[PDB]
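Below is structure-v3.cif, which holds mmCIF, N, CA and C atoms; chains and numbers go by the auth columns.
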```cif
data_data
#
loop_
_atom_site.group_PDB
_atom_site.id
_atom_site.type_symbol
_atom_site.label_atom_id
_atom_site.label_comp_id
_atom_site.label_asym_id
_atom_site.label_seq_id
_atom_site.Cartn_x
_atom_site.Cartn_y
_atom_site.Cartn_z
_atom_site.B_iso_or_equiv
_atom_site.auth_seq_id
_atom_site.auth_asym_id
ATOM 1 N N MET A 1 90.064 -25.318 -123.356 0.00 1 A
ATOM 2 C CA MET A 1 90.308 -23.865 -123.168 0.00 1 A
ATOM 3 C C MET A 1 91.693 -23.609 -122.574 0.00 1 A
ATOM 4 N N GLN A 2 92.012 -22.339 -122.332 0.00 2 A
ATOM 5 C CA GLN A 2 93.307 -21.975 -121.766 0.00 2 A
ATOM 6 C C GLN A 2 93.222 -21.830 -120.248 0.00 2 A
ATOM 7 N N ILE A 3 93.780 -22.801 -119.526 0.00 3 A
ATOM 8 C CA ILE A 3 93.763 -22.774 -118.067 0.00 3 A
ATOM 9 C C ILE A 3 95.105 -23.230 -117.496 0.00 3 A
ATOM 10 N N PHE A 4 95.434 -22.758 -116.295 0.00 4 A
ATOM 11 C CA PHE A 4 96.691 -23.123 -115.651 0.00 4 A
ATOM 12 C C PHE A 4 96.439 -23.849 -114.330 0.00 4 A
ATOM 13 N N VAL A 5 96.477 -25.181 -114.368 0.00 5 A
ATOM 14 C CA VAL A 5 96.255 -25.983 -113.170 0.00 5 A
ATOM 15 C C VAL A 5 97.579 -26.438 -112.563 0.00 5 A
ATOM 16 N N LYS A 6 97.586 -26.666 -111.251 0.00 6 A
ATOM 17 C CA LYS A 6 98.796 -27.104 -110.562 0.00 6 A
ATOM 18 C C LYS A 6 98.639 -28.528 -110.031 0.00 6 A
ATOM 19 N N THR A 7 99.628 -29.376 -110.310 0.00 7 A
ATOM 20 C CA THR A 7 99.596 -30.762 -109.856 0.00 7 A
ATOM 21 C C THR A 7 100.461 -30.937 -108.609 0.00 7 A
ATOM 22 N N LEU A 8 100.453 -32.138 -108.027 0.00 8 A
ATOM 23 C CA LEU A 8 101.254 -32.404 -106.841 0.00 8 A
ATOM 24 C C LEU A 8 102.744 -32.346 -107.190 0.00 8 A
ATOM 25 N N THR A 9 103.060 -32.529 -108.478 0.00 9 A
ATOM 26 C CA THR A 9 104.439 -32.490 -108.944 0.00 9 A
ATOM 27 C C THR A 9 104.732 -31.191 -109.697 0.00 9 A
ATOM 28 N N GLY A 10 104.025 -30.114 -109.344 0.00 10 A
ATOM 29 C CA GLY A 10 104.235 -28.836 -110.006 0.00 10 A
ATOM 30 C C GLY A 10 104.263 -28.949 -111.524 0.00 10 A
ATOM 31 N N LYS A 11 103.487 -29.884 -112.074 0.00 11 A
ATOM 32 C CA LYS A 11 103.438 -30.076 -113.522 0.00 11 A
ATOM 33 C C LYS A 11 102.446 -29.112 -114.169 0.00 11 A
ATOM 34 N N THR A 12 102.754 -28.673 -115.389 0.00 12 A
ATOM 35 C CA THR A 12 101.878 -27.754 -116.108 0.00 12 A
ATOM 36 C C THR A 12 101.087 -28.492 -117.187 0.00 12 A
ATOM 37 N N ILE A 13 99.778 -28.625 -116.977 0.00 13 A
ATOM 38 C CA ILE A 13 98.919 -29.315 -117.935 0.00 13 A
ATOM 39 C C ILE A 13 97.755 -28.431 -118.373 0.00 13 A
ATOM 40 N N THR A 14 97.068 -28.842 -119.439 0.00 14 A
ATOM 41 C CA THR A 14 95.933 -28.084 -119.952 0.00 14 A
ATOM 42 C C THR A 14 94.617 -28.762 -119.577 0.00 14 A
ATOM 43 N N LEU A 15 93.552 -27.972 -119.460 0.00 15 A
ATOM 44 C CA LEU A 15 92.243 -28.509 -119.104 0.00 15 A
ATOM 45 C C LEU A 15 91.140 -27.867 -119.944 0.00 15 A
ATOM 46 N N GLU A 16 90.165 -28.673 -120.361 0.00 16 A
ATOM 47 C CA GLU A 16 89.055 -28.174 -121.166 0.00 16 A
ATOM 48 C C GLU A 16 87.813 -27.969 -120.302 0.00 16 A
ATOM 49 N N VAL A 17 87.095 -26.871 -120.541 0.00 17 A
ATOM 50 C CA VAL A 17 85.890 -26.571 -119.777 0.00 17 A
ATOM 51 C C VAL A 17 84.779 -26.037 -120.678 0.00 17 A
ATOM 52 N N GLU A 18 83.552 -26.497 -120.438 0.00 18 A
ATOM 53 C CA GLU A 18 82.405 -26.060 -121.225 0.00 18 A
ATOM 54 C C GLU A 18 81.614 -24.991 -120.474 0.00 18 A
ATOM 55 N N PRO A 19 80.679 -24.306 -121.154 0.00 19 A
ATOM 56 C CA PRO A 19 79.866 -23.257 -120.532 0.00 19 A
ATOM 57 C C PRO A 19 79.138 -23.755 -119.283 0.00 19 A
ATOM 58 N N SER A 20 78.305 -24.786 -119.445 0.00 20 A
ATOM 59 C CA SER A 20 77.558 -25.349 -118.321 0.00 20 A
ATOM 60 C C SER A 20 78.330 -26.483 -117.634 0.00 20 A
ATOM 61 N N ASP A 21 79.649 -26.338 -117.506 0.00 21 A
ATOM 62 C CA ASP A 21 80.465 -27.367 -116.864 0.00 21 A
ATOM 63 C C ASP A 21 80.292 -27.338 -115.347 0.00 21 A
ATOM 64 N N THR A 22 79.713 -28.402 -114.792 0.00 22 A
ATOM 65 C CA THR A 22 79.506 -28.489 -113.351 0.00 22 A
ATOM 66 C C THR A 22 80.755 -29.029 -112.659 0.00 22 A
ATOM 67 N N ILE A 23 80.887 -28.756 -111.361 0.00 23 A
ATOM 68 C CA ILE A 23 82.046 -29.224 -110.603 0.00 23 A
ATOM 69 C C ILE A 23 82.170 -30.748 -110.664 0.00 23 A
ATOM 70 N N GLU A 24 81.034 -31.444 -110.731 0.00 24 A
ATOM 71 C CA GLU A 24 81.039 -32.904 -110.798 0.00 24 A
ATOM 72 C C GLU A 24 81.384 -33.383 -112.208 0.00 24 A
ATOM 73 N N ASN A 25 80.836 -32.706 -113.218 0.00 25 A
ATOM 74 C CA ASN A 25 81.095 -33.072 -114.609 0.00 25 A
ATOM 75 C C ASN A 25 82.576 -32.915 -114.954 0.00 25 A
ATOM 76 N N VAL A 26 83.227 -31.907 -114.367 0.00 26 A
ATOM 77 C CA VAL A 26 84.644 -31.662 -114.624 0.00 26 A
ATOM 78 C C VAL A 26 85.531 -32.760 -114.022 0.00 26 A
ATOM 79 N N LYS A 27 84.977 -33.566 -113.111 0.00 27 A
ATOM 80 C CA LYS A 27 85.745 -34.642 -112.483 0.00 27 A
ATOM 81 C C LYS A 27 86.352 -35.572 -113.533 0.00 27 A
ATOM 82 N N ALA A 28 85.651 -35.756 -114.652 0.00 28 A
ATOM 83 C CA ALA A 28 86.145 -36.620 -115.721 0.00 28 A
ATOM 84 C C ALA A 28 87.377 -36.012 -116.392 0.00 28 A
ATOM 85 N N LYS A 29 87.393 -34.685 -116.527 0.00 29 A
ATOM 86 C CA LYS A 29 88.519 -33.995 -117.154 0.00 29 A
ATOM 87 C C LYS A 29 89.799 -34.172 -116.336 0.00 29 A
ATOM 88 N N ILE A 30 89.688 -34.041 -115.015 0.00 30 A
ATOM 89 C CA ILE A 30 90.849 -34.190 -114.140 0.00 30 A
ATOM 90 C C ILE A 30 91.399 -35.618 -114.186 0.00 30 A
ATOM 91 N N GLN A 31 90.521 -36.596 -114.421 0.00 31 A
ATOM 92 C CA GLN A 31 90.941 -37.995 -114.498 0.00 31 A
ATOM 93 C C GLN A 31 91.865 -38.233 -115.698 0.00 31 A
ATOM 94 N N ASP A 32 91.811 -37.338 -116.690 0.00 32 A
ATOM 95 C CA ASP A 32 92.645 -37.462 -117.886 0.00 32 A
ATOM 96 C C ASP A 32 94.128 -37.645 -117.542 0.00 32 A
ATOM 97 N N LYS A 33 94.550 -37.181 -116.362 0.00 33 A
ATOM 98 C CA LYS A 33 95.949 -37.308 -115.962 0.00 33 A
ATOM 99 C C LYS A 33 96.280 -38.750 -115.580 0.00 33 A
ATOM 100 N N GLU A 34 95.805 -39.196 -114.415 0.00 34 A
ATOM 101 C CA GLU A 34 96.073 -40.563 -113.971 0.00 34 A
ATOM 102 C C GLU A 34 95.191 -40.967 -112.787 0.00 34 A
ATOM 103 N N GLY A 35 93.912 -40.589 -112.830 0.00 35 A
ATOM 104 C CA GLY A 35 93.006 -40.935 -111.752 0.00 35 A
ATOM 105 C C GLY A 35 93.535 -40.517 -110.394 0.00 35 A
ATOM 106 N N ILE A 36 93.240 -39.281 -109.997 0.00 36 A
ATOM 107 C CA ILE A 36 93.695 -38.761 -108.710 0.00 36 A
ATOM 108 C C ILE A 36 92.825 -39.287 -107.567 0.00 36 A
ATOM 109 N N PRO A 37 93.383 -40.164 -106.707 0.00 37 A
ATOM 110 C CA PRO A 37 92.644 -40.745 -105.576 0.00 37 A
ATOM 111 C C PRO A 37 92.126 -39.692 -104.593 0.00 37 A
ATOM 112 N N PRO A 38 92.978 -38.730 -104.188 0.00 38 A
ATOM 113 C CA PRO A 38 92.590 -37.676 -103.245 0.00 38 A
ATOM 114 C C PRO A 38 91.191 -37.124 -103.511 0.00 38 A
ATOM 115 N N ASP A 39 90.203 -37.648 -102.788 0.00 39 A
ATOM 116 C CA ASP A 39 88.819 -37.206 -102.945 0.00 39 A
ATOM 117 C C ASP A 39 88.631 -35.769 -102.449 0.00 39 A
ATOM 118 N N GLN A 40 89.548 -35.292 -101.604 0.00 40 A
ATOM 119 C CA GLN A 40 89.456 -33.934 -101.073 0.00 40 A
ATOM 120 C C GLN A 40 90.378 -32.972 -101.825 0.00 40 A
ATOM 121 N N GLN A 41 90.549 -33.193 -103.131 0.00 41 A
ATOM 122 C CA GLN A 41 91.401 -32.330 -103.942 0.00 41 A
ATOM 123 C C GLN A 41 90.574 -31.221 -104.592 0.00 41 A
ATOM 124 N N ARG A 42 90.845 -29.974 -104.213 0.00 42 A
ATOM 125 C CA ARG A 42 90.112 -28.840 -104.765 0.00 42 A
ATOM 126 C C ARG A 42 91.025 -27.626 -104.942 0.00 42 A
ATOM 127 N N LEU A 43 90.465 -26.534 -105.462 0.00 43 A
ATOM 128 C CA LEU A 43 91.233 -25.313 -105.679 0.00 43 A
ATOM 129 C C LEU A 43 91.022 -24.326 -104.533 0.00 43 A
ATOM 130 N N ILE A 44 92.018 -23.473 -104.292 0.00 44 A
ATOM 131 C CA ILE A 44 91.929 -22.484 -103.225 0.00 44 A
ATOM 132 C C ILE A 44 91.665 -21.089 -103.791 0.00 44 A
ATOM 133 N N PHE A 45 90.417 -20.834 -104.181 0.00 45 A
ATOM 134 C CA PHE A 45 90.042 -19.538 -104.739 0.00 45 A
ATOM 135 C C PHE A 45 88.576 -19.215 -104.447 0.00 45 A
ATOM 136 N N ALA A 46 88.345 -18.145 -103.687 0.00 46 A
ATOM 137 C CA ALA A 46 86.989 -17.734 -103.340 0.00 46 A
ATOM 138 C C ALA A 46 86.238 -18.843 -102.601 0.00 46 A
ATOM 139 N N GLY A 47 86.965 -19.649 -101.821 0.00 47 A
ATOM 140 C CA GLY A 47 86.338 -20.728 -101.075 0.00 47 A
ATOM 141 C C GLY A 47 85.371 -21.546 -101.914 0.00 47 A
ATOM 142 N N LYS A 48 85.902 -22.291 -102.885 0.00 48 A
ATOM 143 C CA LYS A 48 85.067 -23.116 -103.751 0.00 48 A
ATOM 144 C C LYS A 48 85.276 -24.602 -103.460 0.00 48 A
ATOM 145 N N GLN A 49 84.180 -25.321 -103.220 0.00 49 A
ATOM 146 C CA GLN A 49 84.256 -26.750 -102.931 0.00 49 A
ATOM 147 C C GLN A 49 84.189 -27.571 -104.219 0.00 49 A
ATOM 148 N N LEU A 50 85.170 -28.451 -104.414 0.00 50 A
ATOM 149 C CA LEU A 50 85.214 -29.295 -105.608 0.00 50 A
ATOM 150 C C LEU A 50 84.256 -30.484 -105.489 0.00 50 A
ATOM 151 N N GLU A 51 83.936 -30.884 -104.257 0.00 51 A
ATOM 152 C CA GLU A 51 83.035 -32.014 -104.036 0.00 51 A
ATOM 153 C C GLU A 51 81.573 -31.606 -104.223 0.00 51 A
ATOM 154 N N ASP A 52 81.232 -30.380 -103.818 0.00 52 A
ATOM 155 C CA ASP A 52 79.876 -29.873 -103.942 0.00 52 A
ATOM 156 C C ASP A 52 79.322 -30.094 -105.345 0.00 52 A
ATOM 157 N N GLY A 53 78.165 -29.511 -105.594 0.00 53 A
ATOM 158 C CA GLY A 53 77.530 -29.629 -106.893 0.00 53 A
ATOM 159 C C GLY A 53 77.354 -28.283 -107.568 0.00 53 A
ATOM 160 N N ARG A 54 78.366 -27.422 -107.457 0.00 54 A
ATOM 161 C CA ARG A 54 78.305 -26.096 -108.064 0.00 54 A
ATOM 162 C C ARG A 54 79.026 -26.077 -109.411 0.00 54 A
ATOM 163 N N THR A 55 78.637 -25.147 -110.280 0.00 55 A
ATOM 164 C CA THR A 55 79.253 -25.030 -111.597 0.00 55 A
ATOM 165 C C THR A 55 80.303 -23.921 -111.613 0.00 55 A
ATOM 166 N N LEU A 56 81.249 -24.011 -112.543 0.00 56 A
ATOM 167 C CA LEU A 56 82.306 -23.007 -112.653 0.00 56 A
ATOM 168 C C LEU A 56 81.729 -21.627 -112.980 0.00 56 A
ATOM 169 N N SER A 57 80.679 -21.598 -113.803 0.00 57 A
ATOM 170 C CA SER A 57 80.050 -20.336 -114.201 0.00 57 A
ATOM 171 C C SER A 57 79.541 -19.542 -112.996 0.00 57 A
ATOM 172 N N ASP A 58 78.924 -20.228 -112.033 0.00 58 A
ATOM 173 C CA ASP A 58 78.388 -19.555 -110.849 0.00 58 A
ATOM 174 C C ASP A 58 79.468 -18.770 -110.097 0.00 58 A
ATOM 175 N N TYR A 59 80.733 -19.173 -110.239 0.00 59 A
ATOM 176 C CA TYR A 59 81.826 -18.483 -109.558 0.00 59 A
ATOM 177 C C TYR A 59 82.524 -17.477 -110.481 0.00 59 A
ATOM 178 N N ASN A 60 81.913 -17.174 -111.630 0.00 60 A
ATOM 179 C CA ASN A 60 82.489 -16.222 -112.575 0.00 60 A
ATOM 180 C C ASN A 60 83.917 -16.608 -112.972 0.00 60 A
ATOM 181 N N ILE A 61 84.226 -17.904 -112.945 0.00 61 A
ATOM 182 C CA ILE A 61 85.559 -18.370 -113.312 0.00 61 A
ATOM 183 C C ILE A 61 85.637 -18.660 -114.812 0.00 61 A
ATOM 184 N N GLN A 62 86.129 -17.690 -115.581 0.00 62 A
ATOM 185 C CA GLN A 62 86.248 -17.851 -117.027 0.00 62 A
ATOM 186 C C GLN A 62 87.647 -18.327 -117.412 0.00 62 A
ATOM 187 N N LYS A 63 87.829 -18.653 -118.693 0.00 63 A
ATOM 188 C CA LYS A 63 89.125 -19.125 -119.187 0.00 63 A
ATOM 189 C C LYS A 63 90.256 -18.191 -118.754 0.00 63 A
ATOM 190 N N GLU A 64 91.472 -18.731 -118.678 0.00 64 A
ATOM 191 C CA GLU A 64 92.634 -17.946 -118.274 0.00 64 A
ATOM 192 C C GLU A 64 92.499 -17.447 -116.831 0.00 64 A
ATOM 193 N N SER A 65 91.665 -18.116 -116.033 0.00 65 A
ATOM 194 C CA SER A 65 91.470 -17.723 -114.639 0.00 65 A
ATOM 195 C C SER A 65 92.660 -18.150 -113.784 0.00 65 A
ATOM 196 N N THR A 66 92.624 -17.800 -112.499 0.00 66 A
ATOM 197 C CA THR A 66 93.699 -18.158 -111.581 0.00 66 A
ATOM 198 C C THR A 66 93.247 -19.265 -110.632 0.00 66 A
ATOM 199 N N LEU A 67 93.286 -20.509 -111.109 0.00 67 A
ATOM 200 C CA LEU A 67 92.875 -21.648 -110.298 0.00 67 A
ATOM 201 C C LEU A 67 94.084 -22.353 -109.686 0.00 67 A
ATOM 202 N N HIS A 68 94.232 -22.238 -108.366 0.00 68 A
ATOM 203 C CA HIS A 68 95.344 -22.866 -107.666 0.00 68 A
ATOM 204 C C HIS A 68 94.862 -24.072 -106.861 0.00 68 A
ATOM 205 N N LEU A 69 95.473 -25.232 -107.100 0.00 69 A
ATOM 206 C CA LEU A 69 95.096 -26.450 -106.392 0.00 69 A
ATOM 207 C C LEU A 69 95.978 -26.662 -105.164 0.00 69 A
ATOM 208 N N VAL A 70 95.660 -27.684 -104.372 0.00 70 A
ATOM 209 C CA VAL A 70 96.428 -27.983 -103.171 0.00 70 A
ATOM 210 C C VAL A 70 97.340 -29.188 -103.389 0.00 70 A
ATOM 211 N N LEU A 71 98.552 -29.126 -102.836 0.00 71 A
ATOM 212 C CA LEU A 71 99.511 -30.217 -102.978 0.00 71 A
ATOM 213 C C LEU A 71 99.160 -31.373 -102.045 0.00 71 A
ATOM 214 N N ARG A 72 99.130 -32.589 -102.590 0.00 72 A
ATOM 215 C CA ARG A 72 98.806 -33.773 -101.798 0.00 72 A
ATOM 216 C C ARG A 72 100.074 -34.439 -101.259 0.00 72 A
ATOM 217 N N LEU A 73 100.892 -33.673 -100.537 0.00 73 A
ATOM 218 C CA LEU A 73 102.129 -34.206 -99.972 0.00 73 A
ATOM 219 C C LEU A 73 101.848 -34.985 -98.689 0.00 73 A
ATOM 220 N N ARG A 74 101.017 -34.413 -97.818 0.00 74 A
ATOM 221 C CA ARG A 74 100.671 -35.062 -96.557 0.00 74 A
ATOM 222 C C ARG A 74 99.436 -35.946 -96.720 0.00 74 A
ATOM 223 N N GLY A 75 99.594 -37.244 -96.460 0.00 75 A
ATOM 224 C CA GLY A 75 98.478 -38.162 -96.587 0.00 75 A
ATOM 225 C C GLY A 75 97.521 -38.081 -95.411 0.00 75 A
ATOM 226 N N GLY A 76 98.068 -37.995 -94.199 0.00 76 A
ATOM 227 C CA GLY A 76 97.234 -37.912 -93.016 0.00 76 A
ATOM 228 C C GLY A 76 97.216 -39.207 -92.227 0.00 76 A
#
```

What's the structure tokens form of this structure?
Amino acid sequence: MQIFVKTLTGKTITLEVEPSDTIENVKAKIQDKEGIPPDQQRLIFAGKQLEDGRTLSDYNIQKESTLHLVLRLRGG
């Protein structure tokens, strides 16, 4: 589908999402880049947890939505 995700390198990539796509099921799609180690990598919109077991549909997040991710600059 048509989505705008943000990477740690401000790269613009595309992502596919299905109707019943769960937050856990989508983990495979994000791996398409290069296996992101950051287990705490999620988006900052309507307080949505990427680790939880919620689906994108429950958050009314349809294609062409505004999904902003967090930059993994600081390791900790």

For residue A:21, the nearest of the candidates A:43, A:70, A:8, A:56, counting all atoms listed in the file: A:56

Point out the residue among A:66, A:2, A:25, A:60 with the least atom-to-atom distance to residue A:44, counting only C-alpha atoms. A:66

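From atom C of residue A:30 back to atom N of residue A:69, the distance works out to 13.2 Å.
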
Shortest contact to residue A:22, candidates A:49, A:41, A:9, A:55, atoms counted all atoms listed in the file, goes to A:55

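Proximity of A:29, A:71, A:76, A:23 to residue A:51, computed with only C-alpha atoms, is greatest for A:23.
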
Applied to the shown file, which residues does the PyMOL selection byres ((chain A and resi 65) around 6.5) return, written as a list in words? residues 2, 3, 4, 61, 62, 63, 64, 66 and 67 of chain A

May I have all residues of chain A that DSSP, computed from the backbone, assigns to strand (DSSP E or B), given as a list in words? residues 5, 6, 12, 13, 22, 43, 55 and 69 of chain A

Excluding residue A:24 and any residue of its chain fewer than 5 positions from it, enumerate the residues within 6.5 Å of it, using only N, CA and C atoms, and give them as a PyMOL selection string. chain A and resi 50+52-54

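For the set A:1, A:38, A:68, A:48, the residue with the smallest atom-to-atom gap to residue A:16 is A:1, counting only C-alpha atoms.
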
Could you give me the residues within chain A that DSSP places in alpha helix (DSSP H), as a PyMOL selection string? chain A and resi 27-31

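Interatomic distance, atom N of residue A:58 to atom N of residue A:42: 17.3 Å.
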
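Atom CA of residue A:13 is found 16.7 Å from atom CA of residue A:72.
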
Write out as JSON an axis-aligned box for stretch 67-75 of chain A: all of its atoms listed in the file, 4 Å added on each side, centre and edge lengths in Å with one decimal.
```
{"center_x": 97.5, "center_y": -29.3, "center_z": -103.3, "size_x": 17.3, "size_y": 25.7, "size_z": 23.7}
```
